[PDB]
Structures are given as C-alpha cells and as structure tokens.
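Please read the structure below before turning to the comments.
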Amino acid sequence: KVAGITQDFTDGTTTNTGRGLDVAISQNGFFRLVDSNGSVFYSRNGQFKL
Amino acid sequence: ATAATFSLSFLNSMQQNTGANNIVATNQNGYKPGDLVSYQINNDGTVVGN
Numbered sequence: 052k053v054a055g056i057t058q059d060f061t062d063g064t065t066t067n068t069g070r071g072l073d074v075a076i077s078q079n080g081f082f083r084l085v086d087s088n089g090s091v092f093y094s095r096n097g098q099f100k101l
Numbered sequence: 253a254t255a256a257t258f259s260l261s262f263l264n265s266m267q268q269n270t271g272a273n274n275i276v277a278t279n280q281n282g283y284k285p286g287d288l289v290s291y292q293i294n295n296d297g298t299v300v301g302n
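Residue numbers (PDB author numbering), protein chains in the order written: chain C, 52 to 101; chain N, 253 to 302.
And the structure:
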C-alpha cells in the first residue's frame, strides 16, 4: 500500500532576481494565499505580480 | 445587525519575563457564511464537508 507521497522541506538555493516583487522565504514559514472562492492556501512560490 | 455579547478568556496567559509582549493563541467560535467547496471522508470515518 502506498502510505503517501511525502515531501522534504529543506530549502532550495535562493536565486537572486533583480525584480522587486520576488519575495521568498528561507526557513520554516509559508505564505498564506486566497483566491476568487475564498479558500486558504499555503505556498513557497516567490514570484509575485499585481 | 444585533451586537455580539460574549465572554473573552485570558486564561493560561503567563508573564514572560524578558522579551517582547507577544500573543500565542487567539481563537473565537464565531464564523462567516461558508457556502460549499468540497467534502471528504477521513481515516476515522468522519464524513466532513469543507
């Protein structure tokens, strides 16, 4: 039986891109996100826009 | 709308001694209208909709 698809949480390499809206964590946190239906979400994806 | 009249509980709040005045756990038993998004069975059998 597949018990589950587990995933490790060591951080990656922080690649510096000069664009300003590219905030990414390097330790245990997660970003909190919603969308058009009002659901909670959590990410580490860095690149952001308006 | 009528005003909420409730009891606020500062129990288990202790006095940390050097540091910053900081809050650990806020919780409240009121909520918003949540329409429907999904439903799931859990491993103990709690058929539960989100």
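Quick reminder that beta carbons are idealized off the backbone N, C-alpha and C, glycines included.
Judging by CA-CA distance, which residue of the options is the nearest neighbour of residue i?
{"i": "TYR93 (chain C)", "options": "C:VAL53, C:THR66 and C:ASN79", "result": "C:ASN79"}
{"i": "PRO285 (chain N)", "options": "N:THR254, N:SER259 and N:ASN302", "result": "N:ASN302"}
{"i": "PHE258 (chain N)", "options": "N:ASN281, N:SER290, N:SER265 and N:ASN294", "result": "N:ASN281"}
{"i": "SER261 (chain N)", "options": "N:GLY271, N:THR278 and N:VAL299", "result": "N:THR278"}
{"i": "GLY63 (chain C)", "options": "C:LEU84, C:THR57, C:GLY89 and C:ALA75", "result": "C:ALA75"}
{"i": "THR61 (chain C)", "options": "C:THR68, C:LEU72, C:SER77 and C:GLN98", "result": "C:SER77"}
{"i": "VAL276 (chain N)", "options": "N:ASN264, N:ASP287, N:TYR283 and N:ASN269", "result": "N:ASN264"}
Does the CB of residue i have a neighbour CB from chain N at under 8 Å?
{"i": "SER90 (chain C)", "result": "yes"}
Considering only DSSP beta bridges, list what residue i is partnered with.
{"i": "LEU84 (chain C)", "result": "C:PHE92"}
{"i": "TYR291 (chain N)", "result": "N:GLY301"}
So that I know if they touch, is there some Cβ in chain C lying closer than 8 Å to that of residue i?
{"i": "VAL289 (chain N)", "result": "yes"}
Hey, would you say residue i sits closer than 8 Å to residue j, going by beta carbons?
{"i": "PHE82 (chain C)", "j": "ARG95 (chain C)", "result": "yes"}
{"i": "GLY97 (chain C)", "j": "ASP73 (chain C)", "result": "yes"}
{"i": "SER90 (chain C)", "j": "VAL289 (chain N)", "result": "yes"}
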